[PDB]
Amino acid sequence: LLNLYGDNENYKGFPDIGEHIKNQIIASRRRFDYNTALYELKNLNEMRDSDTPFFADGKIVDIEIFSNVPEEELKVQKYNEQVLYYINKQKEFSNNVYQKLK
Amino acid sequence: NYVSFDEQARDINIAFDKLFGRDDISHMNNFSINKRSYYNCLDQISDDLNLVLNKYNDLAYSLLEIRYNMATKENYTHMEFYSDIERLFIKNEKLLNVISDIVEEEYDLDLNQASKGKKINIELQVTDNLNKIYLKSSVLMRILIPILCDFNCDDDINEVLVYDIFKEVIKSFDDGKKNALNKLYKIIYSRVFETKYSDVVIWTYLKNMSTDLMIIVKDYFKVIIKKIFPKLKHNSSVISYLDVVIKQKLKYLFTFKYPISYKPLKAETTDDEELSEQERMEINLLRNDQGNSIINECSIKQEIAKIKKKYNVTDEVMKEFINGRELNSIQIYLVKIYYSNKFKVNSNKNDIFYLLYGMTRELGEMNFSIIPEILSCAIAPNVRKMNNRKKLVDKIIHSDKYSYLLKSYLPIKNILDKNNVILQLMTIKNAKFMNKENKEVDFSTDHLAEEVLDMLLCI
Amino acid sequence: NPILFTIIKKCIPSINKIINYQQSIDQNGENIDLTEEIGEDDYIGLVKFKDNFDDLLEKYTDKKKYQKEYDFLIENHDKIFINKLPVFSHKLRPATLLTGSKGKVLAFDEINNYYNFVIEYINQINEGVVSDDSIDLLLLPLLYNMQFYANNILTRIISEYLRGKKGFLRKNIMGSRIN
Amino acid sequence: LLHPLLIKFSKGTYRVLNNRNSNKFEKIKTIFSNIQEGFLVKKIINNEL
């Protein structure tokens, strides 16, 4: 996921919980190949020729993330940062119910 | 007796030394068995060998002729082997007479008086003479099984020749009347076709697979002739055995688990507007667009035209500069690296070489020196292998240029740590280069590293 | 020839019961001739139909009702019997090998079923290698069945790709989509 | 809404009604052998009931 919002310190791939989207682009993903990536990932702050962006308009109110990868492998990837936030928060909520009305 | 079957060797050994005293065959006297049916029931084979060899030795001597002729003359075409099989066993009338004499006595079951009160159709009714003919043919079938197992050509033609010999001995036992085969075909056809309307659902679904009534009928007839007939017993019926095995095989075919499930798409979608299942399976397999490709190709054309215009290059310069050399991978990779931002490199070699001349001019007019010399002439056919070179790797890493390069690659780190693509590019130093005079080009390791790093910085 | 079959079926009648084998049998095997009800020439087999086609025509052709058809067949006599059956590319009849957890699923157009039947039949005719007088009841009935499937192939292609309004003739020839 | 089950049962019963010279128990078992837990839902949704 490209660094559309924010600088390198906060690799915000997608808008926040209550923020509003800009330029009618919600998120754009770029294919990555093992063979040739030296000249492809030089600058992630701008769009490239072969991109697959997603268009939407409005204000984002609700998100939900479903994952199928082990958490140990996801803990190290720096670009997949914001997701690692939300997923964790989500799990916390679930734990709450298991300790609340059990 | 001379026969003994060894299950451990899965073979049948004949005492040829007792048969005729000749030990030339005793070297390979064992008859091999490969197919699983005979591998399962290689006992009645030996029993029939004994029961047909005990009566007299001219059949023993005839089997000796068979084995001696195959052993001495293994070479046999389809026609040659067929003709010699006819000559040695099939057309030996003495064998037919003696087998008839020894087999017709034991027959005791009498369906003639049993069917007097029964009700049956004319076409499907079986007379006792047909039963005797079938049993007599099957006895010679079993006795001939070992030799046709010894038939040494290809398995497809093995099956073909076996089936032809069987259908030929069936007529030979019937003096060429060509009747019993048709009776058996009628029996099989009736039993199979009895269920035409009872199982229409399967007879429809199985049409997707290459099967139908007639093909299954022919396949079952071939299987019955090839495999079922050997497993027969004297003083026993035949029709009940055939009916039971046919019904069992039919049920086995009906109840099965096929590997690839089939689901043919319908003739036409009902809606036929804005959506269609055929349309969906087409959008599953679609080709790319054309506008971006055309724009990229036109950009390449404009760039090569500008390159021609700027340096007033003529075709003679290209003739004296190409030297007719082919395209190697490293030069293509470097050309793709430098001209990446403006466009992408296509597959046409002439355009690639023009862009390479521009490569050399542009990076020779700058402060770079090693790269133009490397890209000038051809490369070594193979890329040299080298160790970690941590010392030079330490030199490049501790250099501020490596840190500056990482400062732009910092957000993505796990992939680089896994691959070390920068180190991959740095490992191009090992490969050799030869000039137009075939002299090996010497390259400074540190200078090459610094130039490559500067090249990466100035992408 | 499948294209000429409908014309021949009108030039002479009862073509469906004249290229089929229905030999009967007694208990022992001697043939029983039930030709009293059937006509003079019926149930002869396709391989014998071609050899004596010229003589067979004159018996059941009406010169006062099918005059045009009779003259047409005389002119074009070479193309009555064909030898090779063509098949066009799969670009027009796609098939996908998409896979799933429950198992591999194959979906295709309906025409592919018949194309896979003629190949199977002919492959099951040339097994015989040694010189042998093949039993008629085993080979002749298959030839008539194959011609039935060959005829249906021509009907299916003309009733699904051209004739229909959604067919190729009235959608991609006289009209078209446009960029 | 309960149509597909009736259709399937009728198709199953006709086959066993038109059986000849065979053991009935196997066919009767095959009548009830195939019952998918997603039969009604799939048939209802696919046919646009």
# chains A, B, ... in the order shown; residues from 1 in each chain; ligands from 1
>>> residues_around(residues="residue 15 (chain A)", least_positions_apart="6", cutoff="8 Å", atoms="only C-alpha atoms", output="number ranges by chain")
A: 5, 21, 26, 60
>>> residues_around(residues="residue 51 (chain A)", least_positions_apart="4", cutoff="9 Å", atoms="only C-alpha atoms", output="JSON, numbers by chain")
{"A": [28, 29, 30, 31, 47]}
>>> select_by_dssp(residues="chain A", states="strand (DSSP E)", output="short mmCIF file (atom, residue, chain, number, x, y, z; two decimals) with N, CA, C and O atoms, in the first residue's frame")
data_model
loop_
_atom_site.label_atom_id
_atom_site.label_comp_id
_atom_site.auth_asym_id
_atom_site.auth_seq_id
_atom_site.Cartn_x
_atom_site.Cartn_y
_atom_site.Cartn_z
N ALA A 27 -7.49 4.19 -1.51
CA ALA A 27 -6.23 3.47 -1.36
C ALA A 27 -5.83 2.91 -2.71
O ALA A 27 -6.68 2.50 -3.50
N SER A 28 -4.52 2.89 -2.97
CA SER A 28 -3.97 2.36 -4.21
C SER A 28 -2.88 1.36 -3.89
O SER A 28 -1.99 1.64 -3.09
N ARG A 29 -2.95 0.19 -4.52
CA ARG A 29 -1.99 -0.88 -4.30
C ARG A 29 -1.20 -1.15 -5.57
O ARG A 29 -1.75 -1.13 -6.67
N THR A 52 -3.27 0.19 -9.40
CA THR A 52 -4.67 -0.24 -9.29
C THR A 52 -5.32 0.52 -8.15
O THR A 52 -5.51 -0.02 -7.05
N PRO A 53 -5.68 1.78 -8.37
CA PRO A 53 -6.29 2.58 -7.30
C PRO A 53 -7.77 2.28 -7.15
O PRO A 53 -8.42 1.74 -8.04
N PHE A 54 -8.30 2.65 -5.98
CA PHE A 54 -9.72 2.48 -5.66
C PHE A 54 -10.34 3.85 -5.42
O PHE A 54 -9.81 4.66 -4.66
#
>>> interface_residues(of="chain B", to="chain D", cutoff="10 Å", atoms="only C-alpha atoms", output="NGL selection string")
:B and (194-195 or 197-201 or 247 or 255)
>>> write_last_selection(atoms="N, CA and C atoms", output="PDB file, in the first residue's frame")
ATOM      1  N   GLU B 194     -30.938 -53.392 -21.026  1.00  0.00           N
ATOM      2  CA  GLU B 194     -32.134 -53.509 -20.195  1.00  0.00           C
ATOM      3  C   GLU B 194     -32.396 -52.247 -19.378  1.00  0.00           C
ATOM      4  N   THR B 195     -31.351 -51.505 -19.017  1.00  0.00           N
ATOM      5  CA  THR B 195     -31.475 -50.341 -18.139  1.00  0.00           C
ATOM      6  C   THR B 195     -31.353 -49.021 -18.892  1.00  0.00           C
ATOM      7  N   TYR B 197     -33.858 -46.881 -19.754  1.00  0.00           N
ATOM      8  CA  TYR B 197     -34.764 -45.881 -19.203  1.00  0.00           C
ATOM      9  C   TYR B 197     -34.750 -45.819 -17.682  1.00  0.00           C
ATOM     10  N   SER B 198     -34.146 -46.799 -17.009  1.00  0.00           N
ATOM     11  CA  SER B 198     -34.199 -46.840 -15.553  1.00  0.00           C
ATOM     12  C   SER B 198     -33.256 -45.835 -14.902  1.00  0.00           C
ATOM     13  N   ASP B 199     -32.167 -45.472 -15.573  1.00  0.00           N
ATOM     14  CA  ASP B 199     -31.131 -44.612 -15.006  1.00  0.00           C
ATOM     15  C   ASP B 199     -30.795 -43.480 -15.966  1.00  0.00           C
ATOM     16  N   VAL B 200     -31.830 -42.779 -16.436  1.00  0.00           N
ATOM     17  CA  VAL B 200     -31.634 -41.715 -17.418  1.00  0.00           C
ATOM     18  C   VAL B 200     -30.749 -40.604 -16.865  1.00  0.00           C
ATOM     19  N   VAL B 201     -30.801 -40.362 -15.554  1.00  0.00           N
ATOM     20  CA  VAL B 201     -30.041 -39.257 -14.969  1.00  0.00           C
ATOM     21  C   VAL B 201     -28.545 -39.474 -15.168  1.00  0.00           C
ATOM     22  N   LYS B 247     -23.492 -57.646 -14.301  1.00  0.00           N
ATOM     23  CA  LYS B 247     -24.247 -56.787 -13.394  1.00  0.00           C
ATOM     24  C   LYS B 247     -23.330 -56.119 -12.376  1.00  0.00           C
ATOM     25  N   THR B 255     -21.517 -46.485  -9.708  1.00  0.00           N
ATOM     26  CA  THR B 255     -21.105 -45.870  -8.446  1.00  0.00           C
ATOM     27  C   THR B 255     -19.593 -45.675  -8.469  1.00  0.00           C
TER      28      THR B 255
END
>>> residues_around(residues="residue 63 (chain A)", least_positions_apart="5", cutoff="10 Å", atoms="only C-alpha atoms", output="list in words")
residues 16, 17 and 86 of chain A
>>> atom_distance(atom1="CA of residue 18 (chain B)", atom2="CA of residue 96 (chain B)")
24.8 Å
>>> residues_around(residues="residue 284 (chain B)", least_positions_apart="4", cutoff="12 Å", atoms="only C-alpha atoms", output="list in words")
residues 277, 278, 279 and 280 of chain B; 94, 95, 96, 97 and 98 of chain C
>>> write_last_selection(atoms="N, CA, C and O atoms", output="mmCIF file, in the first residue's frame")
data_model
loop_
_atom_site.group_PDB
_atom_site.id
_atom_site.type_symbol
_atom_site.label_atom_id
_atom_site.label_comp_id
_atom_site.auth_asym_id
_atom_site.auth_seq_id
_atom_site.Cartn_x
_atom_site.Cartn_y
_atom_site.Cartn_z
ATOM 1 N N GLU B 277 -24.001 -15.234 -17.204
ATOM 2 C CA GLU B 277 -23.020 -16.194 -16.706
ATOM 3 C C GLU B 277 -21.904 -16.409 -17.720
ATOM 4 O O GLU B 277 -20.727 -16.502 -17.350
ATOM 5 N N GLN B 278 -22.254 -16.492 -19.006
ATOM 6 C CA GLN B 278 -21.227 -16.543 -20.041
ATOM 7 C C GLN B 278 -20.381 -15.277 -20.023
ATOM 8 O O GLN B 278 -19.152 -15.341 -20.139
ATOM 9 N N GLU B 279 -21.021 -14.118 -19.849
ATOM 10 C CA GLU B 279 -20.269 -12.874 -19.725
ATOM 11 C C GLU B 279 -19.348 -12.907 -18.511
ATOM 12 O O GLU B 279 -18.224 -12.393 -18.561
ATOM 13 N N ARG B 280 -19.805 -13.512 -17.412
ATOM 14 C CA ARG B 280 -18.978 -13.596 -16.212
ATOM 15 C C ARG B 280 -17.756 -14.482 -16.443
ATOM 16 O O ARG B 280 -16.631 -14.125 -16.068
ATOM 17 N N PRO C 94 -15.079 -20.986 -25.359
ATOM 18 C CA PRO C 94 -14.103 -20.989 -24.266
ATOM 19 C C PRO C 94 -14.413 -22.047 -23.220
ATOM 20 O O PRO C 94 -15.538 -22.532 -23.090
ATOM 21 N N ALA C 95 -13.375 -22.403 -22.465
ATOM 22 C CA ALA C 95 -13.491 -23.357 -21.370
ATOM 23 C C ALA C 95 -12.467 -23.003 -20.305
ATOM 24 O O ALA C 95 -11.293 -22.788 -20.620
ATOM 25 N N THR C 96 -12.910 -22.947 -19.052
ATOM 26 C CA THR C 96 -12.073 -22.528 -17.938
ATOM 27 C C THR C 96 -11.801 -23.702 -17.007
ATOM 28 O O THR C 96 -12.687 -24.522 -16.749
ATOM 29 N N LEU C 97 -10.570 -23.776 -16.507
ATOM 30 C CA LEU C 97 -10.147 -24.806 -15.563
ATOM 31 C C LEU C 97 -10.011 -24.236 -14.153
ATOM 32 O O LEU C 97 -9.073 -24.556 -13.422
ATOM 33 N N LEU C 98 -10.937 -23.360 -13.770
ATOM 34 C CA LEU C 98 -10.897 -22.770 -12.439
ATOM 35 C C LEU C 98 -10.989 -23.854 -11.371
ATOM 36 O O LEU C 98 -11.733 -24.828 -11.512
#
>>> residues_around(residues="residue 42 (chain A)", least_positions_apart="2", cutoff="9 Å", atoms="only C-alpha atoms", output="list in words")
residues 37, 38, 39, 40 and 44 of chain A; 408, 409 and 459 of chain B
>>> select_by_dssp(residues="chain A", states="alpha helix (DSSP H)", output="JSON, numbers by chain")
{"A": [71, 72, 73, 74, 82, 83, 84, 85, 86, 87, 88, 89, 90, 91, 92, 93, 94, 95, 96, 97, 98, 99, 100]}
>>> residues_around(residues="residue 150 (chain C)", least_positions_apart="4", cutoff="12 Å", atoms="only C-alpha atoms", output="VMD selection string")
chain C and resid 1 to 3 5 82 84 to 87 111 113 to 119 121 to 122 143 to 146 154 to 157
>>> residues_around(residues="residue 1 (chain D)", least_positions_apart="6", cutoff="10 Å", atoms="only C-alpha atoms", output="list in words")
residues 40, 43, 44 and 49 of chain D
>>> write_last_selection(atoms="N, CA, C and O atoms", output="mmCIF file, in the first residue's frame")
data_model
loop_
_atom_site.group_PDB
_atom_site.id
_atom_site.type_symbol
_atom_site.label_atom_id
_atom_site.label_comp_id
_atom_site.auth_asym_id
_atom_site.auth_seq_id
_atom_site.Cartn_x
_atom_site.Cartn_y
_atom_site.Cartn_z
ATOM 1 N N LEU D 40 -31.574 -27.159 -0.118
ATOM 2 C CA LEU D 40 -32.695 -26.236 -0.256
ATOM 3 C C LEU D 40 -32.220 -24.813 -0.505
ATOM 4 O O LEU D 40 -32.770 -24.111 -1.359
ATOM 5 N N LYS D 43 -30.771 -24.490 -4.117
ATOM 6 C CA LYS D 43 -31.804 -24.586 -5.144
ATOM 7 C C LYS D 43 -32.728 -23.374 -5.121
ATOM 8 O O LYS D 43 -33.190 -22.921 -6.175
ATOM 9 N N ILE D 44 -33.014 -22.837 -3.934
ATOM 10 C CA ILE D 44 -33.884 -21.671 -3.834
ATOM 11 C C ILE D 44 -33.201 -20.444 -4.422
ATOM 12 O O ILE D 44 -33.800 -19.693 -5.201
ATOM 13 N N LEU D 49 -36.153 -18.203 -6.822
ATOM 14 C CA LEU D 49 -37.475 -18.318 -6.215
ATOM 15 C C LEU D 49 -37.781 -17.112 -5.336
ATOM 16 O O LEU D 49 -38.888 -16.565 -5.386
#
>>> interface_residues(of="chain A", to="chain B", cutoff="9 Å", atoms="only C-alpha atoms", output="PDB file with N, CA, C and O atoms, in the first residue's frame")
ATOM      1  N   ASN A   8       6.849   9.542   6.134  1.00  0.00           N
ATOM      2  CA  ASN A   8       7.407   8.225   6.421  1.00  0.00           C
ATOM      3  C   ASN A   8       7.288   7.841   7.891  1.00  0.00           C
ATOM      4  O   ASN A   8       7.278   6.646   8.204  1.00  0.00           O
ATOM      5  N   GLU A   9       7.207   8.819   8.796  1.00  0.00           N
ATOM      6  CA  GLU A   9       7.088   8.503  10.216  1.00  0.00           C
ATOM      7  C   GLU A   9       5.790   7.763  10.513  1.00  0.00           C
ATOM      8  O   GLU A   9       5.776   6.806  11.295  1.00  0.00           O
ATOM      9  N   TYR A  11       3.222   5.773   8.414  1.00  0.00           N
ATOM     10  CA  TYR A  11       2.934   5.177   7.111  1.00  0.00           C
ATOM     11  C   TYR A  11       1.438   4.874   7.010  1.00  0.00           C
ATOM     12  O   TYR A  11       0.996   3.726   6.943  1.00  0.00           O
ATOM     13  N   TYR A  34       9.604 -10.034  -7.302  1.00  0.00           N
ATOM     14  CA  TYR A  34      10.865 -10.371  -6.653  1.00  0.00           C
ATOM     15  C   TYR A  34      12.057 -10.069  -7.553  1.00  0.00           C
ATOM     16  O   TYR A  34      13.122  -9.671  -7.068  1.00  0.00           O
ATOM     17  N   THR A  36      12.694  -7.767 -10.094  1.00  0.00           N
ATOM     18  CA  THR A  36      13.103  -6.385 -10.328  1.00  0.00           C
ATOM     19  C   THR A  36      12.322  -5.466  -9.401  1.00  0.00           C
ATOM     20  O   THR A  36      11.149  -5.174  -9.653  1.00  0.00           O
ATOM     21  N   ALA A  37      12.976  -5.003  -8.338  1.00  0.00           N
ATOM     22  CA  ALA A  37      12.376  -4.029  -7.437  1.00  0.00           C
ATOM     23  C   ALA A  37      13.302  -2.880  -7.085  1.00  0.00           C
ATOM     24  O   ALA A  37      12.867  -1.962  -6.385  1.00  0.00           O
ATOM     25  N   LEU A  38      14.558  -2.897  -7.531  1.00  0.00           N
ATOM     26  CA  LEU A  38      15.485  -1.821  -7.202  1.00  0.00           C
ATOM     27  C   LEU A  38      15.028  -0.492  -7.790  1.00  0.00           C
ATOM     28  O   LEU A  38      15.083   0.542  -7.116  1.00  0.00           O
ATOM     29  N   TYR A  39      14.573  -0.497  -9.041  1.00  0.00           N
ATOM     30  CA  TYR A  39      14.141   0.716  -9.720  1.00  0.00           C
ATOM     31  C   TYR A  39      12.640   0.945  -9.617  1.00  0.00           C
ATOM     32  O   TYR A  39      12.124   1.888 -10.224  1.00  0.00           O
ATOM     33  N   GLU A  40      11.928   0.107  -8.866  1.00  0.00           N
ATOM     34  CA  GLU A  40      10.481   0.212  -8.746  1.00  0.00           C
ATOM     35  C   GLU A  40      10.016   0.844  -7.444  1.00  0.00           C
ATOM     36  O   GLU A  40       9.043   1.599  -7.455  1.00  0.00           O
ATOM     37  N   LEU A  41      10.689   0.566  -6.328  1.00  0.00           N
ATOM     38  CA  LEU A  41      10.295   1.077  -5.021  1.00  0.00           C
ATOM     39  C   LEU A  41      11.189   2.224  -4.562  1.00  0.00           C
ATOM     40  O   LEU A  41      11.485   2.351  -3.373  1.00  0.00           O
ATOM     41  N   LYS A  42      11.631   3.067  -5.497  1.00  0.00           N
ATOM     42  CA  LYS A  42      12.502   4.178  -5.132  1.00  0.00           C
ATOM     43  C   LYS A  42      11.726   5.286  -4.431  1.00  0.00           C
ATOM     44  O   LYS A  42      12.240   5.918  -3.502  1.00  0.00           O
ATOM     45  N   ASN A  43      10.490   5.537  -4.860  1.00  0.00           N
ATOM     46  CA  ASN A  43       9.674   6.611  -4.298  1.00  0.00           C
ATOM     47  C   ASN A  43       8.233   6.128  -4.216  1.00  0.00           C
ATOM     48  O   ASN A  43       7.591   5.910  -5.247  1.00  0.00           O
ATOM     49  N   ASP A  49       3.030   4.015 -13.326  1.00  0.00           N
ATOM     50  CA  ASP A  49       2.299   3.702 -14.549  1.00  0.00           C
ATOM     51  C   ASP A  49       1.334   2.542 -14.336  1.00  0.00           C
ATOM     52  O   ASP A  49       0.180   2.593 -14.777  1.00  0.00           O
ATOM     53  N   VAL A  76       6.677  -7.690  11.958  1.00  0.00           N
ATOM     54  CA  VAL A  76       7.950  -7.109  11.548  1.00  0.00           C
ATOM     55  C   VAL A  76       7.801  -6.152  10.363  1.00  0.00           C
ATOM     56  O   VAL A  76       8.532  -5.159  10.280  1.00  0.00           O
ATOM     57  N   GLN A  77       6.862  -6.415   9.455  1.00  0.00           N
ATOM     58  CA  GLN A  77       6.721  -5.592   8.257  1.00  0.00           C
ATOM     59  C   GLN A  77       6.377  -4.155   8.628  1.00  0.00           C
ATOM     60  O   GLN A  77       5.347  -3.895   9.258  1.00  0.00           O
ATOM     61  N   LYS A  78       7.244  -3.222   8.230  1.00  0.00           N
ATOM     62  CA  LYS A  78       7.067  -1.822   8.601  1.00  0.00           C
ATOM     63  C   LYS A  78       5.956  -1.154   7.799  1.00  0.00           C
ATOM     64  O   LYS A  78       5.190  -0.356   8.349  1.00  0.00           O
ATOM     65  N   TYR A  79       5.852  -1.457   6.503  1.00  0.00           N
ATOM     66  CA  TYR A  79       4.838  -0.800   5.684  1.00  0.00           C
ATOM     67  C   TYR A  79       3.431  -1.211   6.094  1.00  0.00           C
ATOM     68  O   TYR A  79       2.496  -0.409   5.987  1.00  0.00           O
TER      69      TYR A  79
END
>>> decode(residues="region 10-27 of chain D", atoms="N, CA and C atoms", output="short mmCIF file (atom, residue, chain, number, x, y, z; two decimals), in the first residue's frame")
data_model
loop_
_atom_site.label_atom_id
_atom_site.label_comp_id
_atom_site.auth_asym_id
_atom_site.auth_seq_id
_atom_site.Cartn_x
_atom_site.Cartn_y
_atom_site.Cartn_z
N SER D 10 -39.60 -36.92 -6.29
CA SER D 10 -40.30 -37.55 -7.41
C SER D 10 -39.32 -38.16 -8.40
N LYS D 11 -38.25 -37.43 -8.73
CA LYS D 11 -37.25 -37.97 -9.64
C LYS D 11 -36.60 -39.22 -9.07
N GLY D 12 -36.35 -39.22 -7.76
CA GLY D 12 -35.77 -40.40 -7.14
C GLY D 12 -36.71 -41.59 -7.12
N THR D 13 -38.00 -41.35 -6.86
CA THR D 13 -38.93 -42.47 -6.74
C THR D 13 -39.28 -43.08 -8.09
N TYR D 14 -39.28 -42.28 -9.16
CA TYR D 14 -39.60 -42.85 -10.47
C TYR D 14 -38.54 -43.87 -10.90
N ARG D 15 -37.27 -43.59 -10.62
CA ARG D 15 -36.20 -44.50 -11.01
C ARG D 15 -36.37 -45.87 -10.35
N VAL D 16 -36.67 -45.88 -9.05
CA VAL D 16 -36.86 -47.15 -8.37
C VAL D 16 -38.19 -47.79 -8.73
N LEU D 17 -39.17 -47.00 -9.20
CA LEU D 17 -40.40 -47.60 -9.68
C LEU D 17 -40.21 -48.30 -11.02
N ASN D 18 -39.26 -47.82 -11.83
CA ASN D 18 -38.99 -48.40 -13.14
C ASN D 18 -37.78 -49.33 -13.14
N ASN D 19 -37.56 -50.07 -12.06
CA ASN D 19 -36.45 -51.01 -11.97
C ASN D 19 -36.94 -52.44 -12.21
N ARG D 20 -36.10 -53.25 -12.84
CA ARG D 20 -36.46 -54.61 -13.20
C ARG D 20 -35.30 -55.56 -12.91
N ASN D 21 -35.66 -56.77 -12.46
CA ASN D 21 -34.74 -57.88 -12.20
C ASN D 21 -33.46 -57.43 -11.49
N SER D 22 -33.64 -56.87 -10.30
CA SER D 22 -32.51 -56.47 -9.47
C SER D 22 -32.95 -56.39 -8.02
N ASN D 23 -31.97 -56.35 -7.13
CA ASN D 23 -32.26 -56.19 -5.71
C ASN D 23 -32.76 -54.78 -5.43
N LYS D 24 -33.87 -54.68 -4.70
CA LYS D 24 -34.49 -53.39 -4.46
C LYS D 24 -33.75 -52.58 -3.40
N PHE D 25 -33.13 -53.25 -2.43
CA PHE D 25 -32.59 -52.55 -1.27
C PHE D 25 -31.50 -51.56 -1.66
N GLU D 26 -30.62 -51.94 -2.59
CA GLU D 26 -29.55 -51.03 -3.00
C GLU D 26 -30.11 -49.77 -3.64
N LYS D 27 -31.09 -49.91 -4.54
CA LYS D 27 -31.69 -48.74 -5.17
C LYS D 27 -32.42 -47.88 -4.15
#
